[PDB]
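Just the one chain here, laid out as structure tokens, in the form deposited in one PDB entry.
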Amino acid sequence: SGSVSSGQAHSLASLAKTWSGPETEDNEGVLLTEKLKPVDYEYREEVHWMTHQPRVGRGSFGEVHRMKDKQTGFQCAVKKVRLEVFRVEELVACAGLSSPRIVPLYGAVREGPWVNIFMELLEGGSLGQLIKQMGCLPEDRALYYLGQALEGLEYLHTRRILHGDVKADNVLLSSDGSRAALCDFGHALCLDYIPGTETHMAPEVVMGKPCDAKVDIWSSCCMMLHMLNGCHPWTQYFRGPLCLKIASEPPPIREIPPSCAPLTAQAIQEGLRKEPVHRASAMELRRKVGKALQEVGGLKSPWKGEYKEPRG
């Protein structure tokens, strides 16, 4: 027996809130696309759907896999999360939102102490995977992707939603590399913040100050440094715990490659102001990034091909 239904995002959000003892096989959830089909109110791994192939990635609180609905044959992505680490915000924050810059959820189904979150599969892979493959990305492609991420952030921030862990591993690419989109709202907050990836955390985060949407802007510029250098900020200069260094050192603008053009360096600096009051908004930074991209001649580099040496 189970209570898995087909429905809309608001219904899934209401159920998710009830997910927040002895481990059960309780099966409940809401599927948001007709391509994933409950069978007699159940939807269970190995019975109605299955994972296959190597891991597709790591996500917040759980691993991400390719999966297939056994009946429909539909392929999508799934993140499996233990119930005790599941954050409800992942299934509430984007309920009723739709943007080309946000990867759509396909639903979520609990099975005992596991929550399975379903999402559109993007064959282009993550931006993190691209950086690893290519060593690092040229300035024009980096600006192009940062701009699209910022477009997604504008959409969220106007709705008082913090993404909470903006980084290359959480930005997915279309099959031809032309479109980037934010995914993974495990650290999201509808404006207590649960910090994301240490290297990308803003000073106000490590200082335990009230966090707002500016946290995502600092993260996005750490992601920009990652694209450009091929490594996360701080890591090549510092050793152990980074929290005190983030709070105390100058913002990591020394990691901007000397080859970057003036508007590029300026944009990164504005997104990395230590005091969030002085830090650019998504709206502001997106405009600056667009001008920076125009000033280097627009997007010209092919999305793959030439390995570029990262900073050693």
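Quick note: we count residues from 1 along the sequence shown, nothing fancier. Only residues modelled in both forms are compared. Note that the rigid core is defined as the largest set of C-alphas that superpose within 1.5 Å between two forms.
Keep in mind the form deposited in another entry is missing from the figure; the text below concerns it.
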Original post:
Superposing on the rigid core, which residue among 32, 56, 265, 247 shifts its Cα by at least 2 Å between the shown form and the other one?
Top reply: 56
**OP:** For residue 206, decide whether the Cα shift between the shown form and the other one is 2 Å or greater, given a superposition on the rigid core.
**Re:** no
Original post:
When the two forms are laid on each other by their rigid core, does residue 112 show a Cα shift of 2 Å or more between the shown form and the other one?
Top reply: no
Original post:
Is there a C-alpha shift of 2 Å or more at residue 94 between the shown form and the other one once the rigid core is superposed?
Top reply: yes
**OP:** Compare the CA separation of residue 171 and residue 54 in that other deposited form with the one in the displayed structure, and answer closer or farther (the difference is at least 3 Å).
**Re:** farther
Subject >> Outcome for the Cα pair residue 62, residue 130 in that other deposited form, compared with this form (closer or farther; change of 3 Å or more) >> reply: closer
Original post:
Hey, quick one: aligning on the core, which runs of at least three residues have all their CA atoms off by 2 angstroms or more between the shown form and the other one?
Top reply: 53 to 62, 94 to 96, 192 to 194
